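Q: Sequence, then the experimental structure. Questions to follow.
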Amino acid sequence: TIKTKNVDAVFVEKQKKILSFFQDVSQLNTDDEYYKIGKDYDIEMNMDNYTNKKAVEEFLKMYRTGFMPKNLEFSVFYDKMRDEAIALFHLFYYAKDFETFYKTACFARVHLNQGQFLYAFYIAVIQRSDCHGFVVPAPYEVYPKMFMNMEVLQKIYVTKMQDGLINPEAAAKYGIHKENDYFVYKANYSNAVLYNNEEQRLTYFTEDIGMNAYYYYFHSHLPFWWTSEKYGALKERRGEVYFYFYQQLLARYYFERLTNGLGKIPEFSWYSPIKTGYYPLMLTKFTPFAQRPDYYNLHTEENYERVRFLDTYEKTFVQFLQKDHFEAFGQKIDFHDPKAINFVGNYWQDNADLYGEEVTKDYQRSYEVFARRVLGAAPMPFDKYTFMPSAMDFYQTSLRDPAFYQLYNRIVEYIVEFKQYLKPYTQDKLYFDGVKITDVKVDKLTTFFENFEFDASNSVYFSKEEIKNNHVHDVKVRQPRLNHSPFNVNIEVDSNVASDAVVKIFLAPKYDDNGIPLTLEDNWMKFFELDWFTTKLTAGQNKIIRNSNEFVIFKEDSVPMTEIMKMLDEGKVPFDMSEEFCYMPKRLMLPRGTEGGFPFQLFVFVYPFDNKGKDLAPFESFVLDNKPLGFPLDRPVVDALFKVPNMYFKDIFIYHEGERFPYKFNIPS
Amino acid sequence: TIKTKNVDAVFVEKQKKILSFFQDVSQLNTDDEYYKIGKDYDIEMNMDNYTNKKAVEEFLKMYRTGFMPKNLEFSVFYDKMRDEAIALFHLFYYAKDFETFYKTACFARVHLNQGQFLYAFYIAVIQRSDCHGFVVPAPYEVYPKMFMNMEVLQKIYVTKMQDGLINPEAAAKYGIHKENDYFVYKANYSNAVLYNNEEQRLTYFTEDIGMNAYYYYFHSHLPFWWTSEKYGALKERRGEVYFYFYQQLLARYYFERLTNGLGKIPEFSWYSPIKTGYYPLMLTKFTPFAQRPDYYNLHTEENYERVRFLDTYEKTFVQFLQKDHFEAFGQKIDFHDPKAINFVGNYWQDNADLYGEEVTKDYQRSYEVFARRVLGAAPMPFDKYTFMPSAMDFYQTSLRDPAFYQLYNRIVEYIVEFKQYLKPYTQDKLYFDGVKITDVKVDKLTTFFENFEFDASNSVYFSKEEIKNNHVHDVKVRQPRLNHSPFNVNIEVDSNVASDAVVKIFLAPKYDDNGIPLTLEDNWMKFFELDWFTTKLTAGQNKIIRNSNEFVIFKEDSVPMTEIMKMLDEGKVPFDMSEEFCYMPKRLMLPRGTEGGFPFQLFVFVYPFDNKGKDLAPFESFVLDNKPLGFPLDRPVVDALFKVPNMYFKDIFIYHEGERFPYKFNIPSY
Ligand SMILES: *[C@@H]1O[C@H](CO)[C@@H](O[C@@H]2O[C@H](CO)[C@@H](O[C@@H]3O[C@H](CO[C@H]4O[C@H](CO[C@H]5O[C@H](CO)[C@@H](O)[C@H](O)[C@@H]5O)[C@@H](O)[C@H](O)[C@@H]4O)[C@@H](O)[C@H](O[C@H]4O[C@H](CO)[C@@H](O)[C@H](O)[C@@H]4O[C@H]4O[C@H](CO)[C@@H](O)[C@H](O)[C@@H]4O)[C@@H]3O)[C@H](O)[C@H]2NC(C)=O)[C@H](O)[C@H]1NC(C)=O
Ligand SMILES: *[C@@H]1O[C@H](CO)[C@@H](O[C@@H]2O[C@H](CO)[C@@H](O[C@@H]3O[C@H](CO[C@H]4O[C@H](CO[C@H]5O[C@H](CO)[C@@H](O)[C@H](O)[C@@H]5O)[C@@H](O)[C@H](O)[C@@H]4O)[C@@H](O)[C@H](O[C@H]4O[C@H](CO)[C@@H](O)[C@H](O)[C@@H]4O)[C@@H]3O)[C@H](O)[C@H]2NC(C)=O)[C@H](O)[C@H]1NC(C)=O
Ligand SMILES: *[C@@H]1O[C@H](CO)[C@@H](O[C@@H]2O[C@H](CO)[C@@H](O[C@@H]3O[C@H](CO[C@@H]4O[C@H](CO)[C@@H](O)[C@H](O)[C@@H]4O)[C@@H](O)[C@H](O[C@H]4O[C@H](CO)[C@@H](O)[C@H](O)[C@@H]4O)[C@@H]3O)[C@H](O)[C@H]2NC(C)=O)[C@H](O)[C@H]1NC(C)=O
């Protein structure tokens, strides 16, 4: 009941070497051969084993100067740390073949900082062509400390320090149980100990382990600091991809807001206090994460120069808008051209493609970075390697901070400003000659919470003894997560001539906060894409059934590594972990319903699938179409020029079943 | 089924006379009896027909000076207008008998400002002993401009200016119909044209006409400026009525917040911006009301001296709290004494009883007055009779403004700080020997919206012909209003020995915003009294059935004045308008539910009714007990010390049926 895939001899060996690097991540097994290789591995001597002579040499210059020390906390948002990560990445990426790649990782495991290494290695496995189709573990199994509050962490430490339970019945009262040879820890979301404002209503979504894993994967698939030359025709669509990822996410987030009675993400000002604080319960081996109190003055002394930069970055965009056509960064740009999204997105991201370069440079200040830093409310870094981490210093923690959504909402709104320059689609562009959707029905939509466990053993240090006996996997975290029942969408379509067609499904809200029905005019960016697929219509009447379990845009829960070691002994590999790893998890498709049925709408659009003109398959198997991302809702709409027979809006209601509140799953006795 | 009451021809005559002063309020019928008496009436010559000679002369002195001109807006919140209102009230109240009273109203309607007159007259009818049992129209029938936005108002005006509909079918699409000889106007709540913040979710409550008229009723029953000498032993409990009135109302408001997903009423500072604004869509005669933008700085140039006053008022109270026992206002007060609540409430309302005087004075500056003026964001009055009205200048519009609830929550919070000094009740105080509640059961609790019409004719000006011909009642306003289904509360009590008993029923929330069950300790002031009554227990097993419809804390909807004239020809008067006018309306009892059923809980309490030592019937039969208002939840609680077998906590859910959004009742069909 987990989507499998079969696998040969050479594959399993490599995959085992790859997975070796994600276990006991913060320690070293002296007896493991990865260590014997690693200790003595000579990079200079091996120079002929890399595609890029200057990458080896650049790495070597940095490595003698000195890399970040071990145990210190790694973040890519800081110059020196990132530069070392990139130098390391290149070395992984330009290794002639697997053997060389493997050995280089061995050395790097042994000699360099843990976070820096996993960061670079993870990315490398995703980017190397010979590695395509291999599997990596879930971010939460690799970095467990970042996916869980203190309370849990500390129970784990205590149990480990005691080598078990002094009182099993007392431990039980704290949600700690022995299940055969596992220690299982129940975990509440933070609102169960902290309700310091209404945003805490959303913790089952913002603290969700999958959602946060999802953002991490997105970063890794194409990090901002690197070109996208490797992905070919997506290079000319990179900005579009950046807008759409964020647009989709904020729609999804917004949906969660609506169902907990919260409305719009609030606007903010670099020159004013920001309302909602963030009080993180994460610990770092060396420090606590930094808090932002409520009404925090973003314009305090330490931030003056920072705010001057950020304000100018924005103002420079506002200038672009005002002048329509202009030259910036070596490019004549026209805001009338829909292709300009590429520039717009690239600018807001300060990625390598903005400059037409392979890697970004220190003097090219990113807006995202400094915005993250200021809103993170940290004191000034002590030095190049010693900073006070906030949620927004890591891709694995960002979604936890309401301020993150404020920051990307603002960015998305500026891109929407650019999108106002595009002419709206006319009838002719949308009309599907002789095709009409006559009905849509939907099975009941119910959400519900359900326990989920993940391997949390990397959070813990084992003894020399335990590392040798390989007893390194006995810590699991149990947590209630959002889920929903599978559902069919029944679509009835009429057409004169048989034809190849594209079907698209979107989710959007039905009402604003006041209970007025949504116009497309104001609300086209609040539509969330559920699925696209192709069918063949016949003359007459058509019945199209599509199940939620088969929506192209979502993945299944990933499998724990231990379960993957099991499968590799059988020649099996978890399919969704191989090629669908960076999709949103299925269980989070729907926002949490209400007991009464919260009102939403399904938008179904059917259009002709002409041929395979402009065709994305290098980055994402997403857009085998000539069409903008989120077509037909990638620009302003006029309600009356828009609605055509091959469109259907269906009113639907999202229900919720069982326990309403995650914490009711975590009570003892 | 409108609960009736029979009456004699002498009553009928007097009642007609009282009603006449509420028709065509802003105009004068030269042809009517009231005008003939009025024009010519000589007060000085009739000195001997007043109980109090000094009041007649106090009034004559002011009236020679000049009173507020006609047509300006009247508010009791300004010194000079208040003083005129009161000198007038005194004239009404000290009239020897009804004849003199009547003739005096005639004079006052002819010569004085309409608002000032209606104000004084309304209170007079309530306060005068020989008028006890008589009936007054609902405040929305008398001040209809105060219970409606300007959209409806302008349609009413346009129709009147045209003397009909130029296009019935086009009028239909604006929600205007002739029905009989009436023009009927559908009206939405303001959120239908205005969603300037989350607080607009609560419009069907805060704008509700009964809810608003109810506040007006509370004030008229016992205004701050006047003594409560006339209400017997109420005098010793005035501050208690003050607190409880607001505590209850704020609990009820809070429920509406909860069921609309909004949580707690926010705290503010006279030195900081206040976040949520108020954009009123009401009109008066020669101005709109004042707007308060979001983030309005309470501490601007114009408010400096006001805030210094307001700030000192509060801190003086804080000083009381720190001192425990003090001498103030010529009274020795001890905050450990539960009776101190009288002083505490009197202090916050700054009422006549704080000083032991008949009537408050200009030099006794009121807190509520100055807070209202500050948060209303109006500019300085032009002069003693010309101000810019805000919702908070009137009892009939205050509930409309978010700031209103913030202000009274602040006061109520301060009174709650005083209640911290009170010893929590022990087991022995609450335990009813040999008595146990074994089950509580409740029919389905379900709200719905439902069309209600009222007479808005006082909003219009009529011609010479129409006034002469009594064609002066043709404007109706129809509006969806909250209601709920009737329901039964089934209570099974066990007692060894037969005994007379009191049963109380409260409503409370189940959870906070995080969905933790609310504990009694923090939330004993979040409880809303639904009913109290007595039964006779017998040895063994008891079953008490109480319909919501028999809950004594609430009244039925007022009848229009039009149906009262018809009734008075049958010798009948509407009972709930006579004896129960100042109770909360029944149909707003429950907060608007949810389709899935929002969680609350009932608290049911049963205790001994061995005699009737101290009981109130001068104000009205509310507290037939020497028990505090809101007993056993009138002081703070310790969960373990509290739970007793004659209490029962039952979980309930409040549903909503049919349309959830009122505007869906107001769409024209095509
Ligand atoms: C545009 O703006 C301007 C500026 O604001 C507006 O101007 C205002 O207009 C008002 C009229 O609407 C006016 O008020 C009236 O003034 C009358 C005259 O006031 C003087 O005299 C009186 C008393 O008279 C005696 O005085 C001397 C001194 O002893 C003697 O020697 C004389 O012989 C007299 O015996 C003084 O008291 C004043 O100080 C002035 O000097 C007022 O008398 C009149 O008062 C009446 O109205 C009051 C309320 O309506 C009422 O309380 C009072 O008892 C009076 O009642 C009489 O009048 C009513 C109708 O008003 C009538 O039906 C009764 O039968 C009764 O006889 C007014 O108060 C303002 O003075 C003026 N403001 C200024 C600054 O000049 C202007 O209206 C506006 N225009 C438009 C189109 O909007
Ligand atoms: C309490 O607080 C203090 C203050 O912050 C902490 O003190 C710091 O501790 C760290 C140790 O954790 C020290 O770093 C070490 O410094 C050593 C020497 O530093 C200098 O010399 C390096 C070596 O070169 C020398 O060569 C010749 C000798 O023949 C001389 O001519 C010359 O002067 C040089 O000194 C230089 O390269 C360097 O620039 C320094 O100026 C280092 O030997 C040592 O390096 C090792 O460790 C690295 C770990 O990342 C690794 O990269 C290297 O490969 C190498 O093996 C090490 O870094 C800081 O010097 C010290 N700071 C200060 C200001 O004194 C203290 O740790 C803390 N205590 C606790 C308990 O928390
Ligand atoms: C109280 O508040 C409610 C909530 O706003 C008000 O409800 C609105 O009333 C208005 C105007 O009276 C309603 O507008 C009419 O909708 C008609 C039909 O439904 C539409 O179908 C169309 C046409 O294709 C769709 O495109 C729309 O989206 C609608 O669903 C429509 O027939 C009608 O058209 C008329 O006006 C246009 C002007 O451009 C002309 O072209 C045409 O000839 C015709 O005269 C109206 O637009 C509106 O729907 C109601 N609001 C909601 C949310 O439903 C109440 O009116 C208020 N009640 C009072 C007394 O004020």
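A: Received, thanks. Numbering: from 1, shown residues only, chains lettered A, B, ... in the order given. Ligands and ions are numbered 1, 2, ... in the order given.
Q: give the contact list for the closest residue to ligand 3 within the stretch 101-250 of chain A.
A: Here the stretch 101-250 of chain A gets closest to ligand 3 at one residue, residue A:247, 24.9 Å apart by CB to the nearest ligand atom. (C-beta placed from N, C-alpha, C; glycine too.) Counting by CB atoms under 8 Å, 6 or more residues apart in numbering or on different chains, residue A:247 touches A:412, A:525, A:630.
Q: quick one: which of those is nearest chain B?
A: residue A:525 (19.2 Å; CB to the nearest CB).
Q: can you count the residues close to that closest one?
A: Using other CB atoms under 10 Å in any protein chain shown, the number of residues around residue A:525 comes to 23.
Q: Chain neighbours aside, what residue packs nearest to whatever residue of the stretch 1-150 of chain A ends up closest to ligand 3?
A: Per CB to the nearest ligand atom, residue A:3 is where the stretch 1-150 of chain A lies closest to ligand 3, at 43.1 Å. Leaving aside its chain neighbours, residue A:3 sits nearest to residue A:575 (4.0 Å; criterion: CB to CB, 6 or more residues apart in numbering or on different chains).
Q: gap between that neighbour and chain B?
A: Separation of residue A:575 from chain B (CB to the nearest CB, to the nearest Å): 38 Å.
Q: What would stretch A:187-201 look like as PDB? C-alpha coordinates only.
A: Extracted as PDB, the C-alpha positions of stretch A:187-201 are listed here (Å, rounded to 0.1, in the frame of the first residue of the first chain):
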ATOM      1  CA  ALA A 187       4.300  15.700  20.700                       C
ATOM      2  CA  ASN A 188       1.900  18.600  20.800                       C
ATOM      3  CA  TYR A 189       2.000  21.600  18.500                       C
ATOM      4  CA  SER A 190       3.300  24.700  20.300                       C
ATOM      5  CA  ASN A 191      -0.200  26.200  21.000                       C
ATOM      6  CA  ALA A 192      -0.600  23.500  23.600                       C
ATOM      7  CA  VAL A 193       1.900  25.500  25.800                       C
ATOM      8  CA  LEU A 194       1.700  29.000  24.200                       C
ATOM      9  CA  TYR A 195      -1.200  31.000  22.900                       C
ATOM     10  CA  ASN A 196       0.400  34.500  22.600                       C
ATOM     11  CA  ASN A 197      -1.900  35.500  19.700                       C
ATOM     12  CA  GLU A 198      -4.400  34.200  17.100                       C
ATOM     13  CA  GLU A 199      -1.700  33.000  14.700                       C
ATOM     14  CA  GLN A 200      -1.200  30.100  17.100                       C
ATOM     15  CA  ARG A 201      -4.600  28.800  15.700                       C
END
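Q: Show me which residues of it are buried.
A: Judged by neighbour count using 16 or more other CB atoms under 10 Å in any protein chain shown, the buried positions of stretch A:187-201 are A:187-192, A:195, A:197-201.
Q: still on that earlier bit, surely the residue of the stretch 1-150 of chain A closest to ligand 3 meets residue A:556?
A: Yes. Using CB atoms under 8 Å, residue A:3 is in contact with residue A:556, at 6.3 Å.
Q: Can you tell me what sits against stretch A:20-39?
A: Stretch A:20-39 has contacts (CB under 8 Å, 6+ apart) with A:17, A:102-103, A:105-111, A:114, A:118, A:121, A:136-137, A:141-142, A:457-458, A:461-462, A:467-468, A:472-473, A:561.
Q: Just the buried residues from those, in ChimeraX please.
A: Applying 16+ other CB under 10 Å to the contacts of stretch A:20-39 leaves a buried subset, and the ChimeraX line that selects it is:
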select /A:17,102,103,105,106,107,108,109,110,114,118,121,136,137,141,142,457,458,462,467,472,473,561
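Q: Can you tell me the SS state at residue A:580?
A: Judged by DSSP: H, G, I helix; E, B strand; the rest coil, the three-state class of residue A:580 is coil.
Q: So which bits of chain A are right by chain B?
A: A:191-192, A:195, A:198, A:200-201, A:260-263, A:512-515, A:594-597, A:660-661, A:663 (CB under 8 Å from any CB of the partner chain).
Q: and the closest residue to ligand 1 within chain A, what is it in contact with?
A: Closest residue of chain A to ligand 1, CB to the nearest ligand atom: residue A:514 (40.0 Å). Residues in contact with residue A:514, defined by CB under 8 Å, 6+ apart, are B:191, B:195, B:200-201.
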